[PDB]
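Considered here are two forms of the same protein chain, supplied as structure tokens in two stand-alone entries, structure 1 and structure 2.
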Structure 1
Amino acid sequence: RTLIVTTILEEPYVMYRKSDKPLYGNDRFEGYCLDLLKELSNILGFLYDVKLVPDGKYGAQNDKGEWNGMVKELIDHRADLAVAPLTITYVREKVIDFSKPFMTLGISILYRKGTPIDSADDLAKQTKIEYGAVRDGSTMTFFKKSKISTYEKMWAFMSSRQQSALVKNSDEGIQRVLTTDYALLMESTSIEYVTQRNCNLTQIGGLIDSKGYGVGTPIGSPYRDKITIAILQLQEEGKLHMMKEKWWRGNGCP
């Protein structure tokens, strides 16, 4: 009856706690998602064991059909819940049962300060500034699948030259923005996070799409609806808003 929770290291949602001594079990971790999981477990009355997804991926398909990451963990019933910044997409929703979103966001642009660039359109209609995304997350998958003129055009640039405009993780993307003439396409809530800790960076433009993070469960899970209900309540009570502010504060930038 103790639930297995699959998740992934991603600041500030899930991080190894800083410690002078070895930590064990759930105490090894901290972050927004750990806080959310505590609230959920209290409300619904379950125990849980947090387990990092072994392959270190969120979840995508390969050339012919097979899934990986936390999405596959759910499909195989190697996990009961996935509590991470896991984007609710229709392709994923076809293979797992997502709760309703605990956070809403969209793709936006991370870039250095001091430029005239103001929108995705600006990037798309030029080639002097490089731009790209982290591989195999919902962000790359968005551009790859898009039939929307500008984003289709952006994908062609991004996917060209054996995908040299893409990066392996957000941290590398961030360093690339800091060091070179490069703009990173990134989920807005992570842009918010980073820009309040590094005053040299800023968001460019608004959100190019709209979507949410949801708790994942296997198709047919009896916990999904209960989790949705708890989330809706936590949102209404202002507790999700408080949780976000707790983890996003950072040092602060103008």
Structure 2
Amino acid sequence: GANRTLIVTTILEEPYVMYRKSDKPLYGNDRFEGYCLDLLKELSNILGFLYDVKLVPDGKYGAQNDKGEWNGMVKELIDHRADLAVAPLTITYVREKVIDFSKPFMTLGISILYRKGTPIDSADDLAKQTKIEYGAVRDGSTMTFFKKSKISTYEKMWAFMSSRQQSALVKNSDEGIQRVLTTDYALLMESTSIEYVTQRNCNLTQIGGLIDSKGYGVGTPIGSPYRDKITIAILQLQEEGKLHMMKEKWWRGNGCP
């Protein structure tokens, strides 16, 4: 409706959403910059909606209580306190049962963060061996995937990183990067994050194809009239190659040898 302004829930995450810096006072949506803002601007332009960006108040993506209770941007959608979530919000089984997702505007998975010029080319290569230690941030989506996987190779990798846990499982992504940087360690991690780090640590590389295929989708409340239009606009933008440039724009470092 022409009257209505859509509330867009989102979350602070480099480089999707960041407070912008400026020599002049900023207001409203203008206070933010980033990939997700560009995406939003493009979607708004195509669909004709006006929007109002609000950080999710608990600052979480959206997970479920041991007691079936949701938080994060997911909870905002369920309660119709937001019309859209535009953020690196992973499409998953549990989430898709409580809210509606547009098709992925970004497609990703788990990948390997490691050094250059080694025989290592895949998870399989990692799994087939023990001399180079590999792992994940403790209790991350990446680690959770391995823990829960019924796929032989991954089952083997989990046994590995759980067996060496004090070593193999790191506190957070920062410490994990340092491990790769400081040790003969390979870090499994959400591919997009790996790609960001790679553009800024010239002696790091992203190894292998993508494991655990998944996408980021714009979240909507079940039944939302906008979801379908948003899928179409996303595809339009992929068609025009515009998503690739947006990715490029916000992921690019300042050069790498």
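C-alpha atoms forming the largest set that superposes within 1.5 Å between two forms make up the rigid core. One-based numbering along structure 1's sequence throughout.
Panel note: of 59, 208, 170, 88, the residue at the hinge between moving rigid parts between structure 1 and structure 2 is 208; all others are over 12 positions away. Once the larger rigid part is held fixed by C-alpha superposition between structure 1 and structure 2, the smaller part shows a rotation of 25 degrees.
Comparison between structure 1 and structure 2 places the CA of residue 151 4.9 angstrom away from its other position, after core fitting. Superposing the two forms on their core, we find that the Cα atom of residue 186 is displaced by 2.4 Å between structure 1 and structure 2. Once the core is aligned between structure 1 and structure 2, the alpha carbon position of residue 195 differs by 1.8 Å; this is the C-alpha shift at that site.
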